[PDB]
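Q:
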Amino acid sequence: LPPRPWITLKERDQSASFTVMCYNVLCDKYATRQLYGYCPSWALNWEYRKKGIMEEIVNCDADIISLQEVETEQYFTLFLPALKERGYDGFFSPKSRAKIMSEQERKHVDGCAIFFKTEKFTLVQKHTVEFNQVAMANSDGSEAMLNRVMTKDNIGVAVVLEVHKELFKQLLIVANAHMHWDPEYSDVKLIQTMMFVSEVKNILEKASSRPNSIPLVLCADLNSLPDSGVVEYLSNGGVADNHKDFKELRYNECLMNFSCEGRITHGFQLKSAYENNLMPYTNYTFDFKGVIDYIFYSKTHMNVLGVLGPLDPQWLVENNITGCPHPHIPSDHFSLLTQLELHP
Ligand SMILES: NC[C@@H]1O[C@H](O[C@H]2[C@@H](O)[C@H](O[C@@H]3[C@@H](O)[C@H](N)C[C@H](N)[C@@H]3O[C@@H]3O[C@H](CN)[C@@H](O)[C@H](O)[C@H]3N)O[C@@H]2CO)[C@H](N)[C@@H](O)[C@@H]1O
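Residue numbers (the entry's author numbering): 169 to 182, 186 to 339, 351 to 393, 401 to 449, 457 to 540.
(1) Of all the alpha helix (DSSP H) runs that stay within the bounds of the stretch 257-294, which reach a length of 4 or more residues?
(2) If you measure from the CB of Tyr-201, is any heavy atom of ligand 1 nearer than 7 Å?
(3) Round the Cβ separation of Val-300 and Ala-329 to the nearest angstrom and send it over; I've been treating them as touching at under 8 Å.
(4) Do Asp-434 and ligand 1 come close, with the Cβ less than 7 Å from some heavy atom?
(5) What did DSSP end up calling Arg-220 once you bin it into helix, strand or coil?
(6) Using CA atoms only, rank isn't needed, just tell me which of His-279, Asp-260 and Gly-261 is closest to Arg-268.
(7) Taking 7 Å as the cut-off, is the CB of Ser-531 close to at least one heavy atom of ligand 1?
(8) Going by beta carbon distance, what residues of the same chain come within less than 8 Å of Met-498, once the five residues before and after it are set aside?
(9) Compare the beta carbon distance of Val-320 and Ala-308 with 8 Å and say whether it is the shorter of the two.
(10) Is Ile-488 near ligand 1, judged by its Cβ being under 7 Å from some heavy atom?
(11) With burial defined as no fewer than 16 other Cβ atoms inside 10 Å of the residue's Cβ, what is the status of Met-376: buried or exposed?
(12) Taking 7 Å as the line, does the beta carbon of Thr-481 fall inside it for any heavy atom of ligand 1?
(13) Quick one: Cα of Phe-292 to Cα of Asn-516, how far?
(14) Would you please state the rounded distance, in angstroms, between the beta carbons of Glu-240 and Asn-195? I believe it to be under 8 Å.
(15) Does the beta carbon of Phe-287 fall short of 7 Å from some heavy atom of ligand 1?
(16) My output table needs one value for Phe-339: the three-state DSSP class, helix, strand or coil.
(17) Report whether the distance from the Cβ of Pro-526 to the nearest heavy atom of ligand 1 is below 7 Å.
(18) If you draw a straight line from the C-alpha of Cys-193 to the C-alpha of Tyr-440, how long is it?
(19) Can you find a heavy atom of ligand 1 that lies under 7 Å from the Cβ of residue 588?
(20) Let me check you understand the geometry: is the CB of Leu-206 closer than 7 Å to at least one non-hydrogen atom of ligand 1?
(21) Would you grab the beta carbon distance between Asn-303 and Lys-323 for me? Rounded to a whole angstrom, and I think it's under 8 Å.
(22) Identify, in the order they occur along the chain, each residue of the same chain with its Cβ nearer than 8 Å to the Cβ of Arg-180, setting aside the five sequence neighbours on each side.
(23) For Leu-353, which option in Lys-221, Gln-296 and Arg-277 has the closest C-alpha, if you only look at C-alpha atoms?
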């Protein structure tokens, strides 16, 4: 397994630089022979894969790490203890807090974690966004909001961090979400994204009023290709309320609850670190290969200096690798890694 390359996109000036990782590790619960039958059982097994997962994370050595598919017990016994030793602290929330289940099932619920190096950042606030609660609260007048959106218990997490002056009070919000997966539910994915951005803006308003100005880095497994309403909404500061992906009700007035006519907008002016298909895919399986993971950043606060390019495709060809995971690749997603430059 050859080390991944690095694409330089812009030189360092000559004021704060830091790196961000985004990585869906593939949780044990979903690593089944049914879905990944082309991978031998011994290489699917968590006791085997978790080693490759930790190696990938250690090798990337990112200042900030956003993971998806982190199982609750594994956050507390594997990811946090190990990354504490590398100088990180972390924030984790699982999905399904409100769902009733046994002690044993609770250990295996997955969720999102953000880690940050404490020599560079200090935690100011931490937040969990429950898309099912936000949908329920904004569902008046929409059966679809209640039937299709509220019933999915996906989440995102966000932290407000202090960026230490030595790297140049400067604040930074890092947000990390994992959206619903089903290709037939583009509406849910889009609404979940608008709910998340909307709630992050509410978080940001309450980070400022404590004696628009705060940069955002948004990591996510959006389960959405670059041509989707989700990515258009994130990249262009808004989306039409009649966008095809809303699958009717399109023009529902309930969408405007997230919406700051006909356009649902946000003011974050985001850009994707990997735009212009610098990786041809982020999820790589036999049945599906495509870009569905993203690192977005406030383009008025930050430059992209570089990204970690894709695993060499001739290597996948020579080794006949048509899907992941694989004995040498421990997740069906490739990690994303970017170096950003923050100008206060
Ligand atoms: N062809 C339609 C496309 O599907 C893509 O996603 C693919 C994949 O991510 C997703 O399914 C994947 C596939 O392993 C297989 N279908 C089992 C399982 N559902 C898994 O979904 C899993 O669960 C999480 C739940 N939260 C997902 O967010 C996460 O990406 C994934 N680990 O559905 C697609 C099937 O591969 C993208 N959503 C988008 O490109 C478009 O919708």
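Ideal placement from N, C-alpha and C gives every residue a C-beta, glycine not left out.
A: Looking at the atomic coordinates:
(1) 274-278
(2) As a position in the sequence shown, residue 201 is number 30, starting the count at 1. Yes, Cβ of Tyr-201 sits closer than 7 Å to a heavy atom of ligand 1.
(3) Residue mapping note: residue 300 aligns to position 129 of the sequence shown, counting from 1. Residue mapping note: residue 329 aligns to position 158 of the sequence shown, counting from 1. Contact flag correct, Cβ pair sits at about 7 Å.
(4) Position 245 of the sequence shown holds residue 434. No; taking the cut-off as 7 Å, the Cβ of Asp-434 has no heavy atom of ligand 1 nearer than that.
(5) Taking the first residue of the sequence shown as position 1, residue 220 is located at position 49. Here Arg-220 sits in helix by DSSP.
(6) Taking the first residue of the sequence shown as position 1, residue 268 is located at position 97. Comparing Cα-Cα distances from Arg-268 to each of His-279, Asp-260 and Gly-261, the minimum goes to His-279.
(7) If you number the sequence shown from 1, residue 531 lands on position 335. Not so, every heavy atom of ligand 1 lies at least 7 Å from the Cβ.
(8) Translated into positions along the sequence shown, residue 498 becomes position 302. Once the five neighbours on either side are set aside, the close Cβ partners of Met-498 are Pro-404, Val-406, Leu-536, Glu-537, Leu-538 and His-539.
(9) Taking the sequence shown and counting its residues from 1, the one referred to as residue 320 is at position 149. Taking the sequence shown and counting its residues from 1, the one referred to as residue 308 is at position 137. No, the Cβ-Cβ distance between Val-320 and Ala-308 is not below 8 Å.
(10) On the sequence shown, position 292 is the one that residue 488 refers to. Answer for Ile-488: yes, Cβ within range of ligand 1.
(11) If you number the sequence shown from 1, residue 376 lands on position 194. Under this definition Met-376 is a buried residue.
(12) By one-based count along the sequence shown, residue 481 stands at place 285. Indeed, a heavy atom of ligand 1 lies less than 7 Å from the Cβ.
(13) Locating residue 292 in the sequence shown gives position 121, where the first residue counts as 1. Locating residue 516 in the sequence shown gives position 320, where the first residue counts as 1. Distance between the alpha carbons of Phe-292 and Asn-516 is about 42 Å.
(14) Within the sequence shown, numbered from 1, the residue matching residue 240 stands at position 69. Within the sequence shown, numbered from 1, the residue matching residue 195 stands at position 24. At roughly 5 Å, the Cβ-Cβ gap stays under 8 Å, so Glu-240 and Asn-195 are in contact.
(15) Counted from its first residue, the sequence shown places residue 287 at position 116. Answer for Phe-287: no, Cβ out of range of ligand 1.
(16) Counting from one through the sequence shown, the residue named residue 339 turns up at place 168. Looking at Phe-339 - three-state DSSP - the assignment turns out to be coil, as it is neither helix nor strand.
(17) As a first step, residue 526 is located in the sequence shown; it is residue number 330 there, counting from the start. No; taking the cut-off as 7 Å, the Cβ of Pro-526 has no heavy atom of ligand 1 nearer than that.
(18) The residue labelled residue 193 in the question sits at position 22 within the sequence shown. The residue labelled residue 440 in the question sits at position 251 within the sequence shown. Cα to Cα, the separation comes out at about 33 Å.
(19) Nothing can be reported for residue 588, as the shown portion of the chain is limited to 169 through 540.
(20) Locating residue 206 in the sequence shown gives position 35, counting from the first residue. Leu-206: yes, Cβ under 7 Å from ligand 1.
(21) In the sequence shown, the residue the question calls residue 303 occupies position 132. In the sequence shown, the residue the question calls residue 323 occupies position 152. Contact holds; Cβ gap of about 6 Å.
(22) Position 12 of the sequence shown, counting from 1, holds the residue named residue 180. Taken in chain order, the residues that qualify are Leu-501 and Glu-537.
(23) On the sequence shown, position 171 is the one that residue 353 refers to. For the residues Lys-221, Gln-296 and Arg-277, the minimum Cα distance to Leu-353 belongs to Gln-296.
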